[PDB]
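Peer 1: My structure is below; once you've seen it, I'll send some questions.
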């Protein structure tokens, strides 16, 4: 199971940026996906989830309305489109594969992460 | 999160009027919605609620059987259909986004409202 | 109903091997199929499922990403393509016809299996 | 709407027999068809269905693999090919025109029926 | 877009009558057509449809097997041939051009109709 | 691939005008063709299509019944015959070579067009 | 079945060259033909096809409009006329007999080709 | 809620669906199809012919 | 036979009788619509009731019925001598491969 | 008469009059789009509304409408004498073999 | 192994023996139906019991079973020498991605 | 206009400017491929992008795009003075009789 | 941050060090399962513990945990130099819109 | 290059080697039949495999083919010194104007 982040870099605030993960080793279409991020020096923060068939999406309160999560099952690819990037959005972004245990869920496989910096 | 009401005006008693609330900035389909009203000189009165998937509706006793609440997820729009308007229905109507805390719920985001006058 | 398997044998580890199950006595195109395996001296392990129209596939965690399940309705045949065979994959493989009862499913008809040995 | 059975008679077990229904009064090519049977002294048993375009066929568990259902739209005729007839297959066979209501279906027009006897 | 009808008249019951809808102003061969009828003093009843290439036909349950719908693309003409006319078939018949929106269809252009009376 | 157009000019309303798109450098007979038009100061409006063998023609609703599209493979030429021209038909007309990807079509090569002016 | 080719050699850019594939052992007039080419050190590229009676021709996009394919059925000979030769057209050209299986075609007999060189 | 695909669902064809033709589909010609010649066909049209020049 | 029906019911002309049809979570309480057929001694079954409450225009309003829970029922009022017949219920059983399932069938005897 | 419509509605010139249309899970709440037609006394019906809210270029904005749940409606505002007409709703009933179903039809009377 | 079965069971011909299958809240007490398979020493397994209590027509009424809470059970009565076999239980674990889960199997030895 | 495009976008040479195209379930979210054309002030609307992401060999690698839901977009990176042009998006609307539908076009102004 | 973890823990190689995670009535006392992740200095978090007590086959049996009331904990026995890492707890807070919540993480220092 | 092939494959005489060819939804997974050709250093390609699995009577029974989704395949068993050749796959790409499309070929070296 490989999950590979791509599309990081640095932008002026107000600009858009698009991240994605290519996957292999498992059937992409059978699993939901998550994005999480970690600002430098900080702990982990959940960002968004997309259901295996794309029918549902949920976002962290701090990014809803600015970020969009999507996926193309035929390309084994997960995407995150960020609009209006703010300085506060500087972080390493990671992909993770959704898993669910009983009363709560978890990620099992993780990618390597990519860095997005927002600065003028 | 922006909530915008539309459709107020002046209607003789016995006639109908339809209100709506356009929304943006959040995923409309993941949240329930509320309507409340404020008579021009009074406090706030709860009017109606509709569940995120449209499966449940509840109405204040003062309007039940005369008012209908509904949603169109594809237009990100909340509607309120008021039939058999009475003079007592004069009020500013507001939409609000449903939120829930623990043992009771609350509205977090509010629109601006629109005025409905019922008079000869 | 009769399920006939062929394609086992012995291969060096790392090699691929394609197994198949030919069927007769029923309409192949109306039923989903399963593969299970039994390592010598061991109990049964579920391996994979394919839906009647090929729209879904699920694999045991122990083989996902290495094994592929497929079918060709015009020849009434179920296939299992195993890549990267490991020593641990030595087993008798069996095909079975999917059946479903209420809250869970089961296999009803079984083939006689074929033996796959992976060894130096 | 007329549905007319033909081709009944008596055979020793193990022999084949072919039944058919001539149809008129409706557009044959737009409807699916059913065959049902009633052994003397018994109730009704469903035997088989064929889709309007021939794409799907389903059979009762007790006859699948022995019976074949088919149709020829150019002749407005429904056929049933029975191979390996058993004594247990003695029954009056009937055609019915498929109809469907909501969560289940029904036959609306029925033929007259024909008797097939299997005996040594 | 013009739809011009001719062929009404009065017949004794049991007799046949043929209607013809001549068309112009559009490419006839690209559209399906409908017939509807309105008994005097009554609302509208759908009667039949024919597909643009003549491959499919559907009829109202009350006329199926008695009425035939057909078309000659080379003359831009739609026909309706009614056999075994009943008194109950008295109505103004209209042709219409098929249109389709999303989950259901509609007629957009309508002819002026012609009157068929069946009486003894 | 060259697409060369000629035939514009000023037309009193109600009169006809014929446009002709001469082509070379490709097998004209293997491709369908399109016409679009652009009223001065406006965007693009699709007008018509003709199939490689002339078997199908489709027109924009705004011109259907007034415009005729045709072709003569022996001269590698595409024609558009416009009758009953209206002031609203003033536009630069362009020809294009049909292309298709998966689910929708597109033009790849374009002519230079010619200006048709309809005015008192 | 035998295909014999001749006509290669060195031609200055811009000039023309004609290839000729002489055939025997089969009824030439009953089969279509193909040409493919292979630049030295490169893989195969399809160039052109001609239908058994010359009623349809297709060309690779990179040569369409510059190359002409033809047949003289009475002489059992396939020709390829290449005009405006470019250096990039240097390749061994081969003729082959068209064949067709089910959802795609193929060659089932190949000639030996001849080398066309375009050079300054 | 579990966001993953659900195994443990009936994998068999469903013999409970309207088997009749559906009289609710666009009856019009479809202006969304490849208008080109289609270079994917048997170029050897010779396996089946009337041996009699006349019918 | 997966739907349960009494083998026989009866009553004098002018009486009201009912015919039951009982299933389970796979075929009545499952949300599947129940249908009824009438068979006369020398012919093919005729549709009597469809869609639980509806009926062909060829059926007089003497026959009606409904469904609730896992039990469906055919009510016959104004019982006539002519009503002697075999009545069958029909549904869909989600545990089986067939499109239709039937009940055992009930014979209605009119006590003339 | 598949879809339910009042046989008659009315109002004085300038007023708002609405015409309802009610179906069920088979034809409005079923997700099928609702269409409306206008018929004048000596001619064929004219498409008034299509696609629940859209209308032909031949229709003035006096007529508009919507669909919600199993209910549908045609609203006429600025009622004119010329609006005296029969209005019909149309949809598709998934339980029937025909492509179109119509409501009973409503006559709009203008109280001039 | 997901479902727990004893590795061995035995008894004399004519006796009654049982084979247990114990799960938990995710697989048996979860409401998922339990199935049983019989494997004879030189072949593929045969469905013995399905749907917790039902069985193929090819199985004599010697074999029956039940399910309660998280514990399922196979009862064999009138034990014969011919019942020597490996018996396996099967269910569905909602915590895993696979359609089926099995117990480890129990070997039944008949003490002839 | 069928597809929605902003009338104007801009940026300085060296900046990134994007041009949106928004449709609906009739033409983008419908699964129809989106195409882009570039019209310079005195020429024909040359194909820029096809198949949502592909482009003719005559197009510099500064142009790219994507499609998601009902939205689609053309991005220009490394914006040049020479990119001043009218950009149009094209798709197919399943509710209309025509082969192609267009947005109204967007003018890209380069702030040189 | 709705789950509280100490910012730092430590111990000598060979000692047992525990990392707590304290929530409240909305997340741990609410019955939502607690998960743990391990992050090494230059990589992505790795699942360490799941389902409160279970662990991936890639985790040494040196790591274990528990859940009680609103408290949860990760115990690391046989502390090695290689255990220097950031450990995070994860659960679900029913008062928030997000699927996962995390504590701030605890850094484990091995006093080599 | 339309279809994707690795540039090289090898093995010792007596060994089994395979040659792959992977396409997309427009050329192999599209349902188009894949063909294979073998080219010797001084001549034209020879039909090796047709119809994904079949072959000419002039081909030794050492060669056979297959297909799964978008992946086509050629297997060579009993590798001989004489199998040194360029192996090419062929299919039809629905997005292109040509009758045939090819991969770039795979070079087979026999380690003799």
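Here the Cβ positions follow ideal geometry from the backbone for every residue, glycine too, while neighbour counts run over all protein chains shown. Read-outs: derived from the displayed coordinates by stated rules, not from any lab.
Residue by residue, here is whether (1) within 8 Å of another protein chain (Cβ to nearest Cβ); (2) part of a loop (DSSP other than H, G, I, E, B); (3) farther than 30 Å from residue K:99 by Cβ; (4) touching a strand residue (DSSP E or B) at 6+ places or on another chain (Cβ under 6 Å) holds:
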{"site": "H:8", "(1), (2), (3), (4)": "yes, yes, no, no"}
{"site": "H:14", "(1), (2), (3), (4)": "no, yes, no, no"}
{"site": "H:26", "(1), (2), (3), (4)": "yes, yes, yes, yes"}
{"site": "H:34", "(1), (2), (3), (4)": "yes, yes, yes, yes"}
{"site": "H:37", "(1), (2), (3), (4)": "yes, yes, yes, no"}
{"site": "H:42", "(1), (2), (3), (4)": "yes, yes, yes, yes"}
{"site": "H:52", "(1), (2), (3), (4)": "no, yes, yes, no"}
{"site": "H:55", "(1), (2), (3), (4)": "no, yes, yes, no"}
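Peer 1: Among what's in segment C:63-100 and is closer than 30 Å to residue K:30 by Cα and more than 14 Å from chain A (Cβ to nearest Cβ), pick the residue that is surrounded by the most Cβ atoms within 10 Å (Cβ to Cβ).
Peer 2: C:95
Peer 1: Okay, next question. If we scan segment E:43-56, do we find a residue that is under 30 Å from residue J:7 (Cβ atoms) and more than 14 Å from the chain's Cα centre (by Cα)?
Peer 2: yes
Peer 1: Out of M:28, M:49, which single residue is surrounded by 18 or more Cβ atoms within 10 Å (Cβ to Cβ), in a strand (DSSP E or B) and within 14 Å of another protein chain (Cβ to nearest Cβ)?
Peer 2: Within the list M:28, M:49, the selection yields M:49.
Peer 1: Moving on to the next point. Restricting to segment F:1-16, and then to whatever is under 14 Å from the mean Cα position of the chain (by Cα) and surrounded by fewer than 20 Cβ atoms within 10 Å (Cβ to Cβ), can you tell me which residue is nearest to residue L:58 (Cα to Cα)? Write out each step before concluding.
Peer 2: Let us first name the residues in segment F:1-16 that are under 14 Å from the mean Cα position of the chain (by Cα), namely F:3-8.
From what's left, surrounded by fewer than 20 Cβ atoms within 10 Å (Cβ to Cβ): F:4, F:6-8.
On the way: F:4: 20, F:6: 26, F:7: 30, F:8: 30 Å.
That would be F:4.
Peer 1: Also: Within segment N:60-112, how many residues are away from chain G (no Cβ under 14 Å), touching a strand residue (DSSP E or B) at 6+ places or on another chain (Cβ under 9 Å) and outside any strand (DSSP E or B)?
Peer 2: 11
Peer 1: I need the full set of residues from segment J:14-25 which are assigned to a loop (DSSP other than H, G, I, E, B) and more than 21 Å from residue J:1 (Cβ to Cβ), in order please.
Peer 2: J:14, J:15, J:16 - these are the residues of segment J:14-25 that are assigned to a loop (DSSP other than H, G, I, E, B) and more than 21 Å from residue J:1 (Cβ to Cβ).
Peer 1: When residues of segment J:1-32 are filtered for being touching a residue at least 40 places away in the same chain (Cβ under 8 Å) and over 15 Å from residue J:88 (Cβ atoms), how many remain?
Peer 2: Number satisfying all stated conditions: 14.
Peer 1: Out of E:39, E:60, E:91, E:22, report the one residue that is touching a residue at least 40 places away in the same chain (Cβ under 8 Å) and more than 17 Å from residue E:111 (Cβ to Cβ). Give the steps one after another, and end with the answer.
Peer 2: Values: E:60 fails: touching a residue at least 40 places away in the same chain (Cβ under 8 Å); E:91 fails: more than 17 Å from residue E:111 (Cβ to Cβ); E:22 fails: more than 17 Å from residue E:111 (Cβ to Cβ).
Residue meeting the stated conditions: E:39.
Peer 1: Among the residues of segment F:23-48, write down those that are away from chain H (no Cβ under 14 Å) and surrounded by fewer than 17 Cβ atoms within 10 Å (Cβ to Cβ).
Peer 2: F:24, F:25, F:39, F:40, F:41, F:42
Peer 1: If you go through segment N:33-44, how many residues are without any contact (Cβ under 8 Å) to a residue 60 or more places away in the chain and either under 16 Å from residue N:99 (Cα atoms) or buried (at least 16 other Cβ atoms within 10 Å of the Cβ) (or both)?
Peer 2: Within segment N:33-44, residues that are without any contact (Cβ under 8 Å) to a residue 60 or more places away in the chain and either under 16 Å from residue N:99 (Cα atoms) or buried (at least 16 other Cβ atoms within 10 Å of the Cβ) (or both) number 7.
Peer 1: State all residues of segment C:49-59 that are facing another protein chain (nearest Cβ under 9 Å) and out of contact with any strand residue (DSSP E or B) (no Cβ under 9 Å at 6 or more places or on another chain); if no residue qualifies, say none.
Peer 2: C:53
Peer 1: Can you tell me which residue in segment B:1-22 is farthest from residue B:83 (Cα to Cα), limited to those that are within 14 Å of chain A (Cβ to nearest Cβ) and part of a strand (DSSP E or B)?
Peer 2: Keep residues of segment B:1-22 that are within 14 Å of chain A (Cβ to nearest Cβ), which gives B:1-3.
If we keep only those that are part of a strand (DSSP E or B) as well, we get B:2-3.
Working: B:2: 27, B:3: 24 Å.
Going through the qualifying residues, I end up with B:2.
Peer 1: What pairs come out if I take residues in segment H:30-55 that are surrounded by fewer than 10 Cβ atoms within 10 Å (Cβ to Cβ) and pair them with residues that are not in a loop (DSSP other than H, G, I, E, B) whose C-beta lies under 8 Å away, six or more apart or interchain?
Peer 2: The qualifying pairs do not exist here.
Peer 1: Further, regarding this structure: Say we look at segment G:101-117 and pick out the residues that are facing chain H (nearest Cβ under 10 Å) and surrounded by 19 or more Cβ atoms within 10 Å (Cβ to Cβ); which of these is nearest to residue G:34 (Cα to Cα)?
Peer 2: G:105
Peer 1: Report whether or not residue I:41 is assigned to a loop (DSSP other than H, G, I, E, B), over 13 Å from the mean Cα position of the chain (by Cα) and under 28 Å from residue D:40 (Cα atoms).
Peer 2: yes
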